[PDB]
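Novice: To be precise about what I am sending: the file is called my_file.txt and holds compact mmCIF, N, CA and C atoms.
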# COMPACT_ATOMS: atom_id res chain seq x y z
N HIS A 7 -28.78 29.48 13.21
CA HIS A 7 -27.74 28.95 12.25
C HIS A 7 -26.58 28.31 13.01
N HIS A 8 -26.38 27.00 12.84
CA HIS A 8 -25.17 26.34 13.38
C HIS A 8 -23.95 26.71 12.50
N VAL A 9 -22.78 26.89 13.12
CA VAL A 9 -21.53 27.03 12.36
C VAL A 9 -21.04 25.59 12.07
N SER A 10 -20.68 25.30 10.83
CA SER A 10 -20.43 23.89 10.46
C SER A 10 -19.09 23.48 11.05
N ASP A 11 -18.99 22.23 11.46
CA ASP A 11 -17.75 21.71 12.04
C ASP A 11 -16.80 21.44 10.90
N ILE A 12 -15.56 21.87 11.08
CA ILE A 12 -14.50 21.62 10.16
C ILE A 12 -13.32 21.22 11.05
N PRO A 13 -13.14 19.89 11.32
CA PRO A 13 -11.98 19.44 12.09
C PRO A 13 -10.69 19.99 11.54
N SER A 14 -9.86 20.50 12.44
CA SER A 14 -8.58 21.04 12.06
C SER A 14 -7.64 19.95 11.60
N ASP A 15 -7.96 18.67 11.85
CA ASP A 15 -6.97 17.63 11.60
C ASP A 15 -7.21 16.96 10.26
N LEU A 16 -8.07 17.55 9.44
CA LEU A 16 -8.42 16.97 8.17
C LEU A 16 -7.99 17.87 7.04
N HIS A 17 -7.93 17.29 5.86
CA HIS A 17 -7.84 18.07 4.66
C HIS A 17 -9.15 17.99 3.99
N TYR A 18 -9.34 18.93 3.07
CA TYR A 18 -10.60 19.12 2.41
C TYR A 18 -10.44 19.39 0.97
N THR A 19 -11.52 19.13 0.26
CA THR A 19 -11.63 19.64 -1.08
C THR A 19 -12.67 20.73 -1.07
N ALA A 20 -12.59 21.59 -2.07
CA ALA A 20 -13.58 22.63 -2.32
C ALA A 20 -14.97 22.05 -2.52
N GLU A 21 -15.05 20.79 -2.88
CA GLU A 21 -16.32 20.17 -3.18
C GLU A 21 -16.82 19.48 -1.92
N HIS A 22 -16.21 19.80 -0.77
CA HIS A 22 -16.76 19.46 0.55
C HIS A 22 -16.54 18.03 0.93
N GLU A 23 -15.40 17.51 0.53
CA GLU A 23 -14.95 16.25 1.03
C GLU A 23 -13.86 16.49 2.00
N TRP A 24 -13.73 15.56 2.94
CA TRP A 24 -12.63 15.63 3.86
C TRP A 24 -11.79 14.41 3.63
N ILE A 25 -10.54 14.54 4.05
CA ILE A 25 -9.52 13.53 3.82
C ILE A 25 -8.76 13.45 5.10
N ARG A 26 -8.82 12.27 5.71
CA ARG A 26 -8.05 11.97 6.88
C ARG A 26 -6.94 10.99 6.56
N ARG A 27 -5.72 11.33 6.90
CA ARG A 27 -4.65 10.36 6.69
C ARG A 27 -4.80 9.28 7.73
N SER A 28 -5.19 8.09 7.33
CA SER A 28 -5.40 7.04 8.31
C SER A 28 -4.15 6.16 8.46
N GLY A 29 -3.26 6.22 7.49
CA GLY A 29 -2.04 5.42 7.56
C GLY A 29 -1.07 6.01 6.59
N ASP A 30 0.10 5.39 6.53
CA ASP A 30 1.15 5.88 5.66
C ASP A 30 0.64 5.98 4.24
N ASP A 31 -0.21 5.05 3.84
CA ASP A 31 -0.63 4.94 2.45
C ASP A 31 -2.13 5.10 2.24
N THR A 32 -2.84 5.45 3.30
CA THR A 32 -4.27 5.43 3.27
C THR A 32 -4.86 6.75 3.74
N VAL A 33 -5.87 7.19 3.01
CA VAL A 33 -6.69 8.27 3.49
C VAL A 33 -8.10 7.74 3.62
N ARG A 34 -8.80 8.29 4.60
CA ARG A 34 -10.20 8.09 4.71
C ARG A 34 -10.89 9.35 4.21
N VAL A 35 -12.04 9.18 3.59
CA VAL A 35 -12.76 10.23 2.95
C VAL A 35 -14.23 10.22 3.32
N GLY A 36 -14.76 11.41 3.55
CA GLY A 36 -16.18 11.61 3.73
C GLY A 36 -16.55 12.97 3.22
N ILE A 37 -17.78 13.35 3.51
CA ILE A 37 -18.22 14.69 3.21
C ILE A 37 -18.28 15.48 4.48
N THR A 38 -18.12 16.78 4.34
CA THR A 38 -18.03 17.63 5.51
C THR A 38 -19.39 17.78 6.20
N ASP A 39 -19.37 18.29 7.41
CA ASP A 39 -20.56 18.73 8.10
C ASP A 39 -21.40 19.68 7.29
N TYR A 40 -20.75 20.65 6.66
CA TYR A 40 -21.43 21.58 5.80
C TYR A 40 -22.12 20.86 4.65
N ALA A 41 -21.43 19.91 4.01
CA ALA A 41 -21.98 19.18 2.88
C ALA A 41 -23.21 18.36 3.29
N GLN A 42 -23.10 17.63 4.38
CA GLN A 42 -24.20 16.77 4.78
C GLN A 42 -25.43 17.63 5.13
N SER A 43 -25.20 18.75 5.80
CA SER A 43 -26.30 19.60 6.18
C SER A 43 -26.99 20.19 4.95
N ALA A 44 -26.19 20.59 3.97
CA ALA A 44 -26.70 21.18 2.75
C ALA A 44 -27.47 20.16 1.92
N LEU A 45 -26.93 18.96 1.84
CA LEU A 45 -27.55 17.92 1.04
C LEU A 45 -28.89 17.54 1.62
N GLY A 46 -28.97 17.41 2.93
CA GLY A 46 -30.16 16.89 3.57
C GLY A 46 -29.88 15.47 4.04
N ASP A 47 -30.85 14.89 4.71
CA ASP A 47 -30.74 13.51 5.15
C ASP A 47 -30.37 12.57 4.01
N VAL A 48 -29.25 11.89 4.18
CA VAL A 48 -28.77 11.02 3.17
C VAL A 48 -29.60 9.76 3.20
N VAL A 49 -30.19 9.50 2.06
CA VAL A 49 -31.00 8.34 1.84
C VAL A 49 -30.22 7.32 1.03
N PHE A 50 -29.17 7.77 0.33
CA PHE A 50 -28.41 6.88 -0.53
C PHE A 50 -26.99 7.41 -0.78
N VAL A 51 -26.06 6.48 -0.83
CA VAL A 51 -24.66 6.72 -1.07
C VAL A 51 -24.19 5.70 -2.09
N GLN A 52 -23.79 6.15 -3.27
CA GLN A 52 -23.20 5.27 -4.25
C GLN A 52 -21.72 5.46 -4.12
N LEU A 53 -21.05 4.39 -3.68
CA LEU A 53 -19.61 4.37 -3.55
C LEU A 53 -18.99 3.41 -4.54
N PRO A 54 -17.70 3.61 -4.85
CA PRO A 54 -17.12 2.72 -5.81
C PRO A 54 -16.76 1.42 -5.13
N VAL A 55 -16.42 0.44 -5.94
CA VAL A 55 -16.13 -0.90 -5.49
C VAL A 55 -14.74 -0.88 -4.88
N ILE A 56 -14.53 -1.64 -3.81
CA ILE A 56 -13.19 -1.78 -3.26
C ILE A 56 -12.29 -2.41 -4.33
N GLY A 57 -11.14 -1.79 -4.50
CA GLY A 57 -10.17 -2.19 -5.51
C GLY A 57 -10.16 -1.20 -6.66
N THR A 58 -11.11 -0.28 -6.69
CA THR A 58 -11.27 0.58 -7.86
C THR A 58 -10.14 1.56 -7.85
N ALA A 59 -9.32 1.57 -8.91
CA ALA A 59 -8.29 2.60 -9.05
C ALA A 59 -9.00 3.93 -9.32
N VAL A 60 -8.66 4.97 -8.56
CA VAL A 60 -9.27 6.29 -8.80
C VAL A 60 -8.19 7.31 -9.05
N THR A 61 -8.51 8.33 -9.83
CA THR A 61 -7.61 9.43 -10.06
C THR A 61 -8.26 10.65 -9.40
N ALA A 62 -7.42 11.55 -8.93
CA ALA A 62 -7.80 12.77 -8.28
C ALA A 62 -8.85 13.49 -9.08
N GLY A 63 -9.95 13.87 -8.43
CA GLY A 63 -10.97 14.68 -9.09
C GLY A 63 -11.98 13.87 -9.83
N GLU A 64 -11.74 12.58 -9.91
CA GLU A 64 -12.63 11.69 -10.64
C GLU A 64 -13.91 11.47 -9.84
N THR A 65 -15.07 11.53 -10.52
CA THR A 65 -16.34 11.19 -9.89
C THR A 65 -16.32 9.69 -9.64
N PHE A 66 -16.42 9.27 -8.40
CA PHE A 66 -16.53 7.83 -8.10
C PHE A 66 -17.74 7.48 -7.29
N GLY A 67 -18.67 8.42 -7.15
CA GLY A 67 -19.84 8.12 -6.38
C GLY A 67 -20.76 9.30 -6.29
N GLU A 68 -21.76 9.15 -5.45
CA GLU A 68 -22.69 10.19 -5.25
C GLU A 68 -23.29 9.95 -3.91
N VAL A 69 -23.72 11.04 -3.32
CA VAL A 69 -24.43 11.01 -2.08
C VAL A 69 -25.76 11.72 -2.39
N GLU A 70 -26.83 11.17 -1.86
CA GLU A 70 -28.16 11.55 -2.28
C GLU A 70 -29.04 11.69 -1.05
N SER A 71 -29.70 12.84 -0.96
CA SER A 71 -30.79 13.05 -0.03
C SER A 71 -32.07 12.89 -0.85
N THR A 72 -33.23 13.02 -0.22
CA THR A 72 -34.46 13.02 -1.02
C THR A 72 -34.52 14.25 -1.92
N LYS A 73 -33.91 15.35 -1.49
CA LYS A 73 -33.96 16.58 -2.30
C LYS A 73 -32.78 16.76 -3.25
N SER A 74 -31.60 16.25 -2.87
CA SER A 74 -30.37 16.57 -3.59
C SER A 74 -29.50 15.35 -3.85
N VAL A 75 -28.74 15.47 -4.93
CA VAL A 75 -27.74 14.49 -5.30
C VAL A 75 -26.45 15.26 -5.49
N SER A 76 -25.37 14.72 -4.95
CA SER A 76 -24.07 15.33 -5.12
C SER A 76 -23.04 14.28 -5.49
N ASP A 77 -22.29 14.56 -6.53
CA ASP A 77 -21.21 13.68 -6.94
C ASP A 77 -20.15 13.65 -5.87
N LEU A 78 -19.55 12.49 -5.71
CA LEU A 78 -18.41 12.30 -4.85
C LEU A 78 -17.22 12.23 -5.76
N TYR A 79 -16.14 12.90 -5.41
CA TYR A 79 -14.91 12.88 -6.19
C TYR A 79 -13.79 12.23 -5.39
N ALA A 80 -12.91 11.52 -6.08
CA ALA A 80 -11.69 11.03 -5.48
C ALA A 80 -10.85 12.28 -5.16
N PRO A 81 -10.59 12.55 -3.85
CA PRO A 81 -9.78 13.73 -3.60
C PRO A 81 -8.32 13.50 -3.99
N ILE A 82 -7.91 12.24 -4.02
CA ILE A 82 -6.57 11.84 -4.45
C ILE A 82 -6.65 10.62 -5.33
N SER A 83 -5.56 10.36 -6.03
CA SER A 83 -5.44 9.18 -6.84
C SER A 83 -5.03 8.05 -5.94
N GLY A 84 -5.60 6.90 -6.20
CA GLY A 84 -5.20 5.72 -5.44
C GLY A 84 -6.17 4.62 -5.78
N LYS A 85 -6.38 3.72 -4.85
CA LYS A 85 -7.34 2.67 -5.02
C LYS A 85 -8.25 2.70 -3.84
N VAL A 86 -9.53 2.53 -4.09
CA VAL A 86 -10.48 2.41 -2.99
C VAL A 86 -10.16 1.15 -2.21
N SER A 87 -9.86 1.30 -0.93
CA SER A 87 -9.44 0.18 -0.10
C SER A 87 -10.49 -0.24 0.93
N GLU A 88 -11.42 0.66 1.21
CA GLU A 88 -12.54 0.39 2.11
C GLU A 88 -13.69 1.26 1.69
N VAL A 89 -14.88 0.79 1.99
CA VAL A 89 -16.07 1.58 1.80
C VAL A 89 -16.87 1.35 3.07
N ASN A 90 -17.64 2.34 3.46
CA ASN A 90 -18.30 2.26 4.75
C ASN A 90 -19.59 1.51 4.61
N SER A 91 -19.57 0.23 4.95
CA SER A 91 -20.75 -0.62 4.73
C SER A 91 -21.97 -0.20 5.54
N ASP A 92 -21.73 0.51 6.63
CA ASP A 92 -22.81 0.97 7.49
C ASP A 92 -23.80 1.86 6.80
N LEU A 93 -23.36 2.53 5.74
CA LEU A 93 -24.18 3.52 5.06
C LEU A 93 -25.24 2.86 4.23
N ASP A 94 -25.10 1.56 4.00
CA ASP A 94 -26.10 0.81 3.26
C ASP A 94 -27.42 0.85 4.02
N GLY A 95 -27.36 0.53 5.30
CA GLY A 95 -28.55 0.49 6.16
C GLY A 95 -28.81 1.80 6.87
N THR A 96 -27.74 2.55 7.15
CA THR A 96 -27.80 3.76 7.99
C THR A 96 -27.04 4.90 7.29
N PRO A 97 -27.53 5.31 6.13
CA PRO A 97 -26.86 6.36 5.37
C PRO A 97 -26.80 7.70 6.13
N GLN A 98 -27.76 7.94 7.03
CA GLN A 98 -27.75 9.19 7.78
C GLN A 98 -26.61 9.29 8.78
N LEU A 99 -25.82 8.25 8.94
CA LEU A 99 -24.51 8.40 9.60
C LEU A 99 -23.69 9.50 8.98
N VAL A 100 -23.82 9.67 7.67
CA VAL A 100 -23.14 10.76 6.96
C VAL A 100 -23.58 12.10 7.54
N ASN A 101 -24.88 12.22 7.80
CA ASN A 101 -25.41 13.44 8.42
C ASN A 101 -25.12 13.54 9.91
N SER A 102 -25.30 12.44 10.63
CA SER A 102 -25.15 12.53 12.10
C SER A 102 -23.70 12.56 12.49
N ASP A 103 -22.84 11.96 11.68
CA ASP A 103 -21.47 11.88 12.13
C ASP A 103 -20.51 11.93 10.94
N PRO A 104 -20.53 13.06 10.21
CA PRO A 104 -19.89 13.14 8.89
C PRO A 104 -18.41 12.83 8.89
N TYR A 105 -17.75 13.15 9.99
CA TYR A 105 -16.32 12.89 10.18
C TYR A 105 -16.01 11.61 10.92
N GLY A 106 -17.02 10.87 11.36
CA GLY A 106 -16.78 9.70 12.22
C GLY A 106 -17.32 8.50 11.51
N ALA A 107 -18.46 8.00 12.00
CA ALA A 107 -19.10 6.80 11.49
C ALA A 107 -19.71 7.03 10.12
N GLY A 108 -19.83 8.29 9.71
CA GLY A 108 -20.39 8.61 8.43
C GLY A 108 -19.36 8.67 7.33
N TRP A 109 -18.11 8.31 7.62
CA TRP A 109 -17.07 8.22 6.58
C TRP A 109 -17.54 7.38 5.39
N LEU A 110 -17.03 7.67 4.21
CA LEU A 110 -17.51 7.00 3.01
C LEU A 110 -16.60 5.87 2.57
N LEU A 111 -15.32 6.18 2.45
CA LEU A 111 -14.38 5.24 1.85
C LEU A 111 -12.96 5.63 2.16
N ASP A 112 -12.06 4.70 1.89
CA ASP A 112 -10.66 4.91 2.05
C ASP A 112 -10.04 4.80 0.70
N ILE A 113 -9.01 5.59 0.48
CA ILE A 113 -8.25 5.47 -0.74
C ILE A 113 -6.87 5.11 -0.24
N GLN A 114 -6.31 4.07 -0.85
CA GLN A 114 -4.98 3.64 -0.50
C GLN A 114 -4.12 4.04 -1.68
N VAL A 115 -2.95 4.58 -1.39
CA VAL A 115 -2.02 4.97 -2.42
C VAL A 115 -0.83 4.06 -2.30
N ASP A 116 -0.39 3.61 -3.45
CA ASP A 116 0.94 3.12 -3.58
C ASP A 116 1.74 4.18 -4.33
N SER A 117 2.73 4.77 -3.65
CA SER A 117 3.82 5.52 -4.28
C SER A 117 4.09 5.07 -5.72
N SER A 118 4.28 3.75 -5.89
CA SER A 118 4.57 3.13 -7.20
C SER A 118 3.57 3.52 -8.29
N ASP A 119 2.29 3.22 -8.02
CA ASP A 119 1.18 3.44 -8.97
C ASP A 119 0.71 4.92 -9.12
N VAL A 120 0.73 5.66 -8.01
CA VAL A 120 0.15 7.02 -7.93
C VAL A 120 0.99 7.91 -7.03
N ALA A 121 0.72 9.21 -7.03
CA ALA A 121 1.43 10.11 -6.10
C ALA A 121 1.42 9.55 -4.68
N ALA A 122 2.61 9.58 -4.08
CA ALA A 122 2.79 9.41 -2.66
C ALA A 122 1.83 10.36 -1.99
N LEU A 123 1.37 9.92 -0.83
CA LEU A 123 0.41 10.67 -0.06
C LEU A 123 0.95 12.03 0.34
N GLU A 124 2.17 12.08 0.86
CA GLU A 124 2.82 13.33 1.26
C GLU A 124 2.50 14.40 0.21
N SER A 125 2.79 14.05 -1.03
CA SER A 125 2.56 14.92 -2.18
C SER A 125 1.08 15.09 -2.52
N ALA A 126 0.35 13.98 -2.68
CA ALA A 126 -1.11 14.04 -2.90
C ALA A 126 -1.76 15.08 -2.00
N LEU A 127 -1.38 15.11 -0.72
CA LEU A 127 -2.06 15.98 0.24
C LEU A 127 -1.90 17.46 -0.10
N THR A 128 -0.89 17.80 -0.91
CA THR A 128 -0.61 19.20 -1.26
C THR A 128 -1.64 19.83 -2.18
N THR A 129 -2.43 19.02 -2.89
CA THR A 129 -3.52 19.53 -3.68
C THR A 129 -4.74 19.86 -2.78
N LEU A 130 -4.72 19.47 -1.50
CA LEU A 130 -5.94 19.56 -0.69
C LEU A 130 -5.92 20.79 0.20
N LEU A 131 -7.09 21.17 0.67
CA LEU A 131 -7.23 22.34 1.52
C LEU A 131 -7.10 21.94 2.97
N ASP A 132 -6.59 22.86 3.77
CA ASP A 132 -6.60 22.66 5.19
C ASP A 132 -7.92 23.21 5.73
N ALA A 133 -8.15 23.00 7.01
CA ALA A 133 -9.44 23.35 7.60
C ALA A 133 -9.75 24.83 7.35
N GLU A 134 -8.72 25.65 7.48
CA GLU A 134 -8.87 27.08 7.44
C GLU A 134 -9.24 27.50 6.02
N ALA A 135 -8.53 26.94 5.05
CA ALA A 135 -8.82 27.20 3.65
C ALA A 135 -10.21 26.65 3.28
N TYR A 136 -10.56 25.49 3.78
CA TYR A 136 -11.90 25.00 3.53
C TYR A 136 -12.96 25.95 4.08
N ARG A 137 -12.88 26.29 5.35
CA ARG A 137 -13.79 27.29 5.93
C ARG A 137 -13.89 28.53 5.05
N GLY A 138 -12.74 29.02 4.63
CA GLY A 138 -12.63 30.19 3.77
C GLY A 138 -13.49 30.12 2.54
N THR A 139 -13.59 28.93 1.95
CA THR A 139 -14.43 28.71 0.78
C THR A 139 -15.92 28.78 1.11
N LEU A 140 -16.30 28.56 2.37
CA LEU A 140 -17.71 28.36 2.68
C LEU A 140 -18.54 29.65 2.74
N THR A 141 -19.74 29.59 2.15
CA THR A 141 -20.82 30.56 2.39
C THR A 141 -21.88 29.83 3.22
N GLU A 142 -21.93 30.16 4.49
CA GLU A 142 -22.60 29.32 5.45
C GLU A 142 -23.71 30.11 6.19
Can you dump the structure from the file as structure tokens?
Specialist:
Amino acid sequence: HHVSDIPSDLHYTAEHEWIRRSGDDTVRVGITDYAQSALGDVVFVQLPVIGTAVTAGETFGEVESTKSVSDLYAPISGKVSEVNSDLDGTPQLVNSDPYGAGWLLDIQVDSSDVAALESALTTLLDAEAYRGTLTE
């Protein structure tokens, strides 16, 4: 049994997404090591369109192995500002590198339209709290 990687520098949701603050107004989002391992080899990733306004907790996609499908949720409100085009051809990046090249999308927040990031991040789990949720 491998112990799943949970980078200390990320935030998480209980539903096994990670959130990296990539800029003042941007988070990058993927699924955790635990999630990718549980799902199985990702054969498909449905991500939302760049520009899509998302609200926290909203289903905006799905990640799919041959055995399993899992909804992807917006961990924060904002707008999808990037999606990882690599996953079209190489979806198993999610499995091989869940926190790196396997990232799914970015959500950009404007303070104006949605919660400032500082605040948005307060709904999210830290690495330790995420680990705490896991039955691994």
Novice: Report, in Å with one decimal, the straight-line distance from atom C of residue A:11 to atom CA of residue A:105.
Specialist: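 So the answer is 8.6 Å.
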Novice: With distances taken over only N, CA and C atoms, which residue among A:78, A:69, A:140, A:111 lies nearest residue A:91?
Specialist: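 Between A:78, A:69, A:140, A:111, the residue approaching residue A:91 most closely is A:111.
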Novice: In Å, rounded to a single decimal, give me how far atom CA of residue A:139 is from atom CA of residue A:125.
Specialist: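 The value is 22.1 Å.
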Novice: Determine the nearest neighbour of residue A:112 from the options A:141, A:61, A:32, A:43, counting only C-alpha atoms.
Specialist: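 Closest to residue A:112 of all the choices is A:32.
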Novice: Would you pick out the contacts of residue A:120 at 8 Å or less, using only N, CA and C atoms, so that residues sharing its chain but fewer than 6 positions from it are not included, and give the list as a PDB file with N, CA and C atoms, keeping the file's coordinate frame?
Specialist:
ATOM      1  N   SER A  83      -5.560  10.360  -6.030  1.00  0.00           N
ATOM      2  CA  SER A  83      -5.440   9.180  -6.840  1.00  0.00           C
ATOM      3  C   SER A  83      -5.030   8.050  -5.940  1.00  0.00           C
ATOM      4  N   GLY A  84      -5.600   6.900  -6.200  1.00  0.00           N
ATOM      5  CA  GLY A  84      -5.200   5.720  -5.440  1.00  0.00           C
ATOM      6  C   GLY A  84      -6.170   4.620  -5.780  1.00  0.00           C
ATOM      7  N   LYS A  85      -6.380   3.720  -4.850  1.00  0.00           N
ATOM      8  CA  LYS A  85      -7.340   2.670  -5.020  1.00  0.00           C
ATOM      9  C   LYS A  85      -8.250   2.700  -3.840  1.00  0.00           C
ATOM     10  N   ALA A 126       0.350  13.980  -2.680  1.00  0.00           N
ATOM     11  CA  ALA A 126      -1.110  14.040  -2.900  1.00  0.00           C
ATOM     12  C   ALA A 126      -1.760  15.080  -2.000  1.00  0.00           C
TER      13      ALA A 126
END
